[PDB]
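Colleague:
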Amino acid sequence: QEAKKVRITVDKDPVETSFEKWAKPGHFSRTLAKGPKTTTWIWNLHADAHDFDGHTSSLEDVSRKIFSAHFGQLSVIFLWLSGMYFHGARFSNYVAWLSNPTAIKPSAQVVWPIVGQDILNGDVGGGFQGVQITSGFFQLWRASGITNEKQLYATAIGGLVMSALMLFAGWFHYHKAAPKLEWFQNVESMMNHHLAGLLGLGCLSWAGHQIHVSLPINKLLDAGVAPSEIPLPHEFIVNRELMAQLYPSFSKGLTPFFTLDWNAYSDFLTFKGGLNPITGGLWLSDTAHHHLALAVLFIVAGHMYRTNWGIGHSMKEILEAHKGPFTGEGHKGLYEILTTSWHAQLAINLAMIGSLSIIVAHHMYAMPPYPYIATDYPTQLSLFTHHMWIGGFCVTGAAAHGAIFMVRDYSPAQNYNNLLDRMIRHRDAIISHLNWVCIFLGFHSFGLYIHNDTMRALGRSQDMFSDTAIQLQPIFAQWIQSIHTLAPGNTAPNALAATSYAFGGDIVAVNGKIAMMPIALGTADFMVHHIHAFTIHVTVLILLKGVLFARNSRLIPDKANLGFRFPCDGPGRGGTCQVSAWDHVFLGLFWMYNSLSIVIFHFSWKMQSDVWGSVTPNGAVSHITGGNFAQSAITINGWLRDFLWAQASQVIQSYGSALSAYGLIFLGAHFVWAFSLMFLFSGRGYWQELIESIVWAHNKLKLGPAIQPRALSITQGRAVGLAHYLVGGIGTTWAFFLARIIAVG
Amino acid sequence: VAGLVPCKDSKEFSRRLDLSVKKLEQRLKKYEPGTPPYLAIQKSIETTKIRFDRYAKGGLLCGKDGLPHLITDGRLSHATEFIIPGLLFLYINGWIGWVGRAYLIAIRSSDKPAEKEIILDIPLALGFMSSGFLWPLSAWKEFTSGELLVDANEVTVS
Amino acid sequence: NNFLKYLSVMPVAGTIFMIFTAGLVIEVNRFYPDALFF
Amino acid sequence: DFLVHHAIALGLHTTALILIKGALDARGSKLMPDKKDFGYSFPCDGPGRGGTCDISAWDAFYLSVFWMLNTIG
Amino acid sequence: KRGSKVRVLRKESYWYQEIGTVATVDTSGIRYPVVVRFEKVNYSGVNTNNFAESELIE
Amino acid sequence: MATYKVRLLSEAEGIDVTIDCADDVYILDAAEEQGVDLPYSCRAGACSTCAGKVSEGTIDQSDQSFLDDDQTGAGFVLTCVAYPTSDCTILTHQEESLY
Amino acid sequence: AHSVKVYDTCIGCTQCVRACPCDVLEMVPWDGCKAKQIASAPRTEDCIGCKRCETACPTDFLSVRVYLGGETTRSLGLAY
Amino acid sequence: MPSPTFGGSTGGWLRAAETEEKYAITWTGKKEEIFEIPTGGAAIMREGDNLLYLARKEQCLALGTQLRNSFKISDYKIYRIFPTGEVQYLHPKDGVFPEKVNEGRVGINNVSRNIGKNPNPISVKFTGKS
Ligand code: CLA
Ligand code: CLA
Ligand code: CLA
Ligand code: CLA
Ligand code: CLA
Ligand SMILES: CC1=C(C/C=C(\C)CCC[C@H](C)CCC[C@H](C)CCCC(C)C)C(=O)c2ccccc2C1=O
Ligand code: SF4
Ligand code: SF4
Ligand code: SF4
Ligand code: FES
């Protein structure tokens, strides 16, 4: 039993906060504590900075290094959030933006006029000059209902003091009072408070902020009241009857909620759905209804697990009883896996918080949450693409530490015939059927794009795959849009408007600019979604080969004895170049950019052709690129001509304007991208012999360093060609996306 | 002269004065006088005019495209365009080239020289710093003393 | 010792020198902009 | 046209740089003093002594066709 | 020769024409009877070496 | 150059000596300076033949490259990078004892 | 069909036989240094050429040269 | 020298059709330990003598090296099974590990010079030498 063994077990004053280990670096390992005889020591100082399992075998002081370092991470978020709210105060036009947010551009950066760099401060209206900016805090602060300039100045000084508490908390949990491993292995209580007292109260108190503040502000903003003439947020609390003049349910009080007459609160907790045509966004009373819906059953889902007081589903027992006929012993052993190694826990946490942020990017463009974000097509493009790439980067880290756990913390004595062992036993049939389907998909997705490109080149346009050709109609994806337009009335009978206007229904347009149009999925989207199904399958072809062949293979039967990150096992067996599980992540990261650039290119052409544009008061709709995705999207030359060559004209004809900083980054990240391939195509032994000429040029002149100037190591040399490629593969997509949509829209 | 025409009297160079301030005054007529974005443009108007009076009195040599050009045929009349920028450049390039060599001899006669290259001896690094405005009369003395160059039978070689 | 000798590590002794030697070039471009010569 | 010949003369000296390294370090070095006993076109010397990818004079040739096409491009 | 610094004469090592530091000269008829140490460590991370008595110049 | 004492003992051959060393001198260099033969390969910290076991004492063994973290957790010190910073008693001939 | 001949420096630092995962290196007692042993290579037909001796080899430069020549299905490491 | 015994496991990643070389790493244990098969998975390790058929000799040595470090036993023997059925007794080669110094000295592939003392490849012209 653990009838008093969920308690706190805290060491008092473990580490003296001193200065002598603070200035003698490399102090976390035996191989780095004896000075830099070589220049591998400087690059090993940064690579072993967060490799805590190579520092101590004691898991108690490993897990105290994790918990204090999260406070250092969370203090960086509050310092960065203070930089957003302070630049809304002293360096912004947001207080001028609220009087007319339909045509005044957002601005949160005034550049110092120094080198003649003042031309980037553009005429963004409001009597204000500055850089046009696209992170979308301005529609967030209208969604929360910050009206005046003082509340942004108070939050950033309220956020800086929240960082100074959060930075102090990591100091207290490594130098005065540190928990033990008994406290960290109480995971049946950690999922209780995180479900209930983090996300439930994180919703329920936020539902308090939305009902009492953001709903009376955004009911008075869209009526046409100036933001100087709206009553204050502490007048919608101490005066109940002022809320009663907006929603008449507040004249009654708390008695419908306590006595369960909850249909009396329908006037401000509704199920409208769809959009709000006055302010250009989601119905805020739906969002105020959505948060306490999640709150009242996250706290219900909080009390699921076993705690101090007897009741609760034990996490060791629900896992153990899931055995089956095919699955051998079931999950017998996985609970001791996840409460010992953090890398096993990080490999599941990164796939979730990665692929929840891809859900964020898809559940934001077609359901615009924030008011007056619907007309601002630059903010929809930047908030899509940034939530893609974080969900693209954090998903390859799930197979980073999925492979780091296998070589370090996977003991096969504790894993006889359980569920993790059985896929190491049949790891040929996992990869080979994944190896077949990528050749099946890439012939059937990219091979059609060649086949439409040849038939246009060979003259015979009646032999490609188009609407006026051999049609490949996406009949499954065209069907579910016809279901969600019957989701009002029929299938969900209390939903008045649609669940989203992307599936169908009606257009919504705000001040002429189109808020949301129905997306008509045609035969050019059967192929580009199959592109997306292909290149996702290749990324899990490299990465699941990295996890299942992390221990051993038929090339190397003792791969885990060399470590996780090693270059090779010699040029024998024909050559073992890039054989580690590190290089599978290094190979798998490249196809992610070869995946996610296509997803944001499918975004930036379809939404520039079918939904965004202009609406005449008769009802005539004229889009930006004229709806050229019906024909020109089906060929690789059409992706080159009508999208890559054509939409980059706003980037490169933008010198002398305020978008001219983006043209420098557009040439900046062609350069860093073709700085990568020096680090990527070449080897090490060339440059080490090339450095060998230069050490002669210094030892002739008494100029040689006492440290040894070496070439970069091979995993280090593959890593610097990796990070350069993903700066120069993303930064020019960044500088072409932002420069196009600010210019044309 | 020396090829093309001077830009002290050049119609295309004076046209680049004309349409640039005509472009920049078009931004001025959408604001109101007294605002801080109005003063940010009008101060940026005069720093383009005085720039166009800097190159006129400087005697730059260009024409046929309205730009300024530079001459690096060793011309002493054109010494202000490349030579005395390079003579200040090569002056205290040769600080860092010499005091890095001066730092790397006294650090070799130490107990642990490997740690001392990234853990600085700041009273020695500044102690070998300010003897760097007077480098090349001492570096030439170092070249003819003999120990600036070690002998070829004691170097590292393949 | 050992805190001013923490301000002798080559990045941080570089960076407070790099804060200095960047800003030497910035503030001479404050008072003398637009210089092709002298 | 002043500046762009220096883009050619960058690529003229750099494609010379890989290959005068590629000629004169086919025999030996400090990283491999017995490169002559292995031949012109061998893969590597392994991961030992720091790692030795692209050590051969064939792989010292191999980098210049990138720089040759960069230069004549 | 005990003690002091001894320069090398053989090629194919990392330390060629370097300073050297001799230690414990061997007397058994072994081909390489000095186990001379060095600073300025090699590619293998080994600051020591043994070679023969034909490469001293001191 | 301080003074330190190391009591070496090899029970397979049966030799127990007390040698004197300094902070810069290695342990087997002091064993060769008192006339005691000891196994070694190249005096680098990068072999297995020169392994001794620290029975009592404190040894700066940190300049080696052969032995890993756990294999030195039992107290196996190569005698050729060892700076004896204490007065110790060391069991030697432990070259098979590490592996 | 490689050729993994061992040179004359050859101090008997018995870890190349330890680092060989194919048992193609084997110590032979031989008149020489205080270790009194040399590294011999009998199984050159059985080797893979994965160069695991050379990474653990603290001589001047490489007591066990490896230099890769011929090959077979054993040396190429195929399980089929 | 071989004998019919077992190993005790389950697996699905092993030798294919292979008939040029196989073997049997045979050893005596001491307990029901759980060990990683070098092609993957786990096994149960019956306390008497037991054997493993695997494909190629890297898997055979890396199971013999893994058995020496964890649950230390210096008694593993390695054969080689031909397609015709002949045995070889490959690995210890005469009753002992090769890191121990033998008394039977063959001494082959032992050049008697330094590695710089090797001729130029012009001197080995149209023939086979270093
Ligand atoms: C209901 C109580 C509660 C709350 C709110 C949290 C909240 C958090 N925990 Mg936590 N935890 C709890 C109970 C709670 N825990 C218990 C009972 C245990 C033991 C079983 C743990 C064990 C635990 C571990 C081991 C770790 C966390 C981590 C985290 C952070 C996750 C980051 C995040 O989601 O961003 C959301 C961020 C915020 C909402 C920021 C605001 C946070 C404010 C200050 C509330 C903090 C409440 C705190 C529990 C009060 C402590 C009392 C103290 C004043 C004396 C977050 C701050 C992780 C972390 O980041 O470490 C710091 C981590 O590694 N917790
Ligand atoms: C939850 C987030 C998270 C956390 C905590 C870790 C934690 C860890 N990872 Mg990991 N990883 C993650 C996400 C995460 N990773 C993701 C998402 C990926 C896929 C991209 C990887 C891929 C990965 C690999 C491949 C490896 C690790 C390793 C490690 C370990 C040491 C890391 C270290 O010292 O780096 C120190 C910090 C740095 C080196 C910072 C470098 C900064 C990079 C280059 C980005 C900079 C770009 C910049 C932001 C923008 C441009 C700048 C401009 C100048 C152009 C540690 C356990 C390594 C290890 O040894 O594991 C045990 C290892 O081999 N991880
Ligand atoms: C544009 C360049 C390019 C191309 C076409 C490929 C092609 C491929 N890569 Mg690949 N790759 C590339 C760059 C490229 N790579 C780069 C830069 C890297 C480094 C990051 C990698 C790293 C990499 C990995 C790590 C993996 C692949 C994989 C694959 C295969 C995916 C399956 C597929 O679509 O096959 C179908 C083939 C095509 C679509 C090619 C076009 C063929 C057309 C459609 C028809 C054929 C023409 C003609 C009719 C043939 C007959 C005539 C001919 C005989 C003369 C495929 C062979 C995966 C793999 O090998 O397993 C599947 C895998 O895991 N790649
Ligand atoms: C556009 C991509 C690119 C770039 C810039 C370079 C750059 C260089 N290569 Mg290279 N290379 C490339 C691609 C590239 N390569 C490819 C694809 C290959 C084929 C594999 C090679 C193969 C190759 C070989 C084989 C050789 C070179 C050599 C060189 C150097 C030439 C000397 C020179 O120009 O000095 C000037 C340096 C540069 C132009 C590099 C960029 C410097 C930047 C712009 C300034 C410094 C950065 C600055 C501080 C910015 C701030 C950064 C911020 C994070 C703080 C230089 C480092 C030669 C060499 O190293 O000789 C000395 C050589 O032998 N390269
Ligand atoms: C003490 C500083 C110092 C000195 C005097 C030299 C001197 C020289 N280097 Mg050199 N170099 C240095 C540092 C230094 N280097 C560093 C740190 C690197 C690594 C980035 C290199 C990389 C390097 C290469 C790759 C090459 C040279 C070459 C040369 C020679 C020609 C001059 C040239 O173009 O410079 C080259 C200068 C650079 C590429 C950049 C300068 C590097 C830094 C910024 C200077 C160090 C500043 C340091 C903080 C000073 C400390 C003083 C104080 C703070 C205590 C010349 C002998 C070339 C050669 O062999 O010609 C014969 C050549 O190809 N160097
Ligand atoms: C060029 C190249 C090198 C050589 C690159 C080197 C040696 C890096 C040199 C640049 C470093 C980063 C300079 C660091 C200097 C410090 C910043 C100090 C400078 C002084 C001030 C800025 C403080 C490799 O080592 C390599 C390895 C593997 C594959 C490809 C390659 C490769 O292409
Ligand atoms: S370095 Fe590159 S080439 Fe040389 S061995 Fe390791 S992988 Fe093979
Ligand atoms: S590796 Fe070098 S040193 Fe160790 S034994 Fe073989 S030859 Fe002698
Ligand atoms: S050749 Fe390959 S196998 Fe034979 S020893 Fe050297 S590394 Fe080990
Ligand atoms: S004797 Fe070879 S490493 Fe110490």
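Protein chains in written order, with our numbering: chain A, 358 to 1102; chain B, 13 to 170; chain C, 77 to 114; chain D, 65 to 137; chain E, 2 to 59; chain F, 58 to 156; chain G, 10 to 89; chain H, -19 to 110. A virtual CB, placed ideally from N, CA and C, is assigned to each residue, including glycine.
Residues of chain D with a CB under 7 Å from the CB of residue 96 of chain H: which are they?
Modeller: Residue 96 of chain H sits at position 116 when you count from the first residue of the eighth sequence. Those are 97, listed as they occur along chain D.
Colleague: Any beta-carbon of chain E closer than 9 Å to the one on residue 86 of chain F?
Modeller: In the sixth sequence, residue 86 of chain F corresponds to position 29, counting from 1. Chain E, which has a Cβ nearer than 9 Å to the Cβ of residue 86 of chain F, makes this yes.
Colleague: Evaluate residue 1075 of chain A with the Cβ neighbour count: other Cβ atoms within 10 Å of its Cβ, from every protein chain shown; 16 or more gives buried, anything less gives exposed.
Modeller: Here residue 1075 of chain A is taken as the residue at index 718 of the first sequence, counted from 1. When all chains shown are included, residue 1075 of chain A counts as buried.
Colleague: May I ask you to verify whether the segment 62 to 81 of chain G touches the segment 0 to 19 of chain H, counting CB pairs closer than 8 Å and requiring at least 3?
Modeller: Short answer: they don't touch.
Colleague: Do we get a CB-CB distance below 9 Å when we pair residue 136 of chain G with the residues of chain F?
Modeller: This structure does not reach residue 136 of chain G, given that chain G is present from 10 up to 89, and the question cannot be answered.
Colleague: Check whether the segment 736 to 755 of chain A and the segment 707 to 723 of chain A touch, using three or more Cβ-Cβ pairs below 8 Å as the test.
Modeller: Flag = yes, the segment 736 to 755 of chain A and the segment 707 to 723 of chain A touch.
Colleague: Any idea what DSSP makes of residue 83 of chain C, helix, strand or coil?
Modeller: By one-based count along the third sequence, residue 83 of chain C stands at place 7. If DSSP states are grouped into helix, strand and coil, residue 83 of chain C belongs with coil.
Colleague: Count the other C-beta atoms from every protein chain shown that fall within 10 angstroms of the C-beta of residue 839 of chain A, then say buried if there are 16 or more, exposed otherwise.
Modeller: For the purposes of this step, residue 839 of chain A is taken as residue 482 along the first sequence, with counting starting at 1. Residue 839 of chain A comes out exposed.
Colleague: So, with DSSP's three-state summary, where would you put residue 705 of chain A?
Modeller: Your numbering for residue 705 of chain A matches position 348 in the first sequence. Note: residue 705 of chain A maps to helix in three-state DSSP.
Colleague: Going by DSSP in three states, residue 810 of chain A sits in which element: helix, strand or coil?
Modeller: For the purposes of this step, residue 810 of chain A is identified with residue 453 of the first sequence, where counting begins at 1. In the structure shown, residue 810 of chain A sits in a helix (DSSP, three-state: H, G or I).
Colleague: Provide the residue(s) that pair with residue 12 of chain F in DSSP beta bridges, ordered along the chain.
Modeller: Any question about residue 12 of chain F goes unanswered here, given that chain F covers just 58 to 156.
Colleague: I need the boundaries of the beta strand (DSSP E) containing residue 112 of chain B, first residue and last residue.
Modeller: Within the second sequence, numbered from 1, the residue matching residue 112 of chain B stands at position 100. Run containing residue 112 of chain B: none in the beta strand (DSSP E); it sits in the alpha helix (DSSP H), 108 to 118.
Colleague: Assuming contact is defined by CB atoms lying nearer than 9 Å, are residue 902 of chain A and residue 764 of chain A in contact in what I supplied?
Modeller: Against the first sequence, residue 902 of chain A aligns to sequence position 545. Against the first sequence, residue 764 of chain A aligns to sequence position 407. Against a cut-off of 9 Å, the Cβ pair of residue 764 of chain A and residue 902 of chain A comes out as no contact.
Colleague: By the 7 Å beta-carbon criterion, what residues does the segment 8 to 19 of chain E contribute toward chain D?
Modeller: Taking 7 Å as the Cβ-Cβ cut-off against chain D, the residues of the segment 8 to 19 of chain E that qualify are 12, 13 and 15.
Colleague: Check distances from the C-beta atoms of the segment 98 to 119 of chain D to those of chain G and list, in chain order, the residues that come in under 7 Å.
Modeller: Within the segment 98 to 119 of chain D, the qualifying residues are 101, 102, 110, 111 and 112.
Colleague: Which ranges does the alpha helix (DSSP H) cover as unbroken runs of at least 4 residues, wholly within the segment 65 to 114 of chain B, from first to last along the chain?
Modeller: The qualifying runs are 91 to 101.
Colleague: Can you check which of these residues, A/684, A/528 and A/677, is closest to residue 783 of chain A by C-alpha distance?
Modeller: Along the first sequence, read from residue 1 onward, the residue named residue 783 of chain A stands at position 426. The shortest Cα separation from residue 783 of chain A among A/684, A/528 and A/677 belongs to A/684.
Colleague: Would you list, in sequence order, the uninterrupted alpha helix (DSSP H) runs of no fewer than 4 residues that lie entirely inside the segment 745 to 774 of chain A?
Modeller: Fully enclosed alpha helix (DSSP H) runs of 4 or longer: 758 to 765.
Colleague: In the DSSP output, which residue or residues are listed as bridge partners for residue 22 of chain H?
Modeller: Along the eighth sequence, read from residue 1 onward, the residue named residue 22 of chain H stands at position 42. Note: residue 22 of chain H sits in a beta bridge opposite H/16.
Colleague: Could you check the C-alpha separation between residue 749 of chain A and residue 956 of chain A for me, to the nearest Å?
Modeller: As a working note, residue 749 of chain A is residue 392 in the first sequence. As a working note, residue 956 of chain A is residue 599 in the first sequence. So the two alpha carbons sit approximately 11 Å from each other.
Colleague: Do residue 368 of chain A and residue 526 of chain A have their C-beta atoms within less than 9 Å of each other?
Modeller: As a first step, residue 368 of chain A is located in the first sequence; it is residue number 11 there, counting from the start. As a first step, residue 526 of chain A is located in the first sequence; it is residue number 169 there, counting from the start. Contact: no.
Colleague: In chain order, what are the residue ranges of uninterrupted alpha helix (DSSP H) at least 4 long that sit wholly in the segment 990 to 1074 of chain A?
Modeller: If we require 4 residues or more, the alpha helix (DSSP H) runs fully inside the segment 990 to 1074 of chain A come out as 1006 to 1009, 1017 to 1028, 1030 to 1038 and 1042 to 1056.
Colleague: Identify whether residue 44 of chain E lies in helix, strand or coil by the three-state DSSP scheme.
Modeller: Against the fifth sequence, residue 44 of chain E aligns to sequence position 43. Three-state DSSP puts residue 44 of chain E in coil, outside helix and strand.
Colleague: Which residues does DSSP list as the beta-bridge partners of residue 35 of chain G?
Modeller: Translated into the one-based positions of the seventh sequence, residue 35 of chain G becomes position 26. In the DSSP output, where bridge partners are listed per residue, residue 35 of chain G has G/49.
Colleague: Does the CB of residue 170 of chain B have a neighbour CB from chain E at under 9 Å?
Modeller: In the second sequence, counting from the first residue as 1, residue 170 of chain B sits at position 158. Judged by the 9 Å Cβ criterion, residue 170 of chain B is in contact with chain E.
Colleague: Below 8 Å, is the gap between the Cβ of residue 820 of chain A and the nearest heavy atom of ligand 7?
Modeller: In the first sequence, counting from the first residue as 1, residue 820 of chain A sits at position 463. Checking the Cβ of residue 820 of chain A against ligand 7 gives no.
Colleague: Do residue 762 of chain A and residue 701 of chain A have their C-beta atoms within less than 9 Å of each other?
Modeller: Within the first sequence, the letter at position 405 stands for residue 762 of chain A. Within the first sequence, the letter at position 344 stands for residue 701 of chain A. Result yes, Cβ atoms of residue 762 of chain A and residue 701 of chain A sit closer than 9 Å.
Colleague: Can you tell me which of the three DSSP states residue 7 of chain H falls into?
Modeller: Looking up residue 7 of chain H in the eighth sequence gives position 27. Strand at residue 7 of chain H.
Colleague: Using a Cβ-Cβ cutoff of 7 Å, what residues of the segment 122 to 133 of chain F are near chain E? List them in chain order.
Modeller: Listed in sequence order: 122.
Colleague: If we define contact as Cβ-Cβ less than 9 Å, is residue 43 of chain G a contact residue for chain F?
Modeller: Counted from its first residue, the seventh sequence places residue 43 of chain G at position 34. Interface residue, yes.
Colleague: Flag residue 756 of chain A as yes when its Cβ comes closer than 8 Å to any non-hydrogen atom of ligand 9, and as no otherwise.
Modeller: Here residue 756 of chain A is taken as the residue at index 399 of the first sequence, counted from 1. Not under cutoff, so the answer is no.
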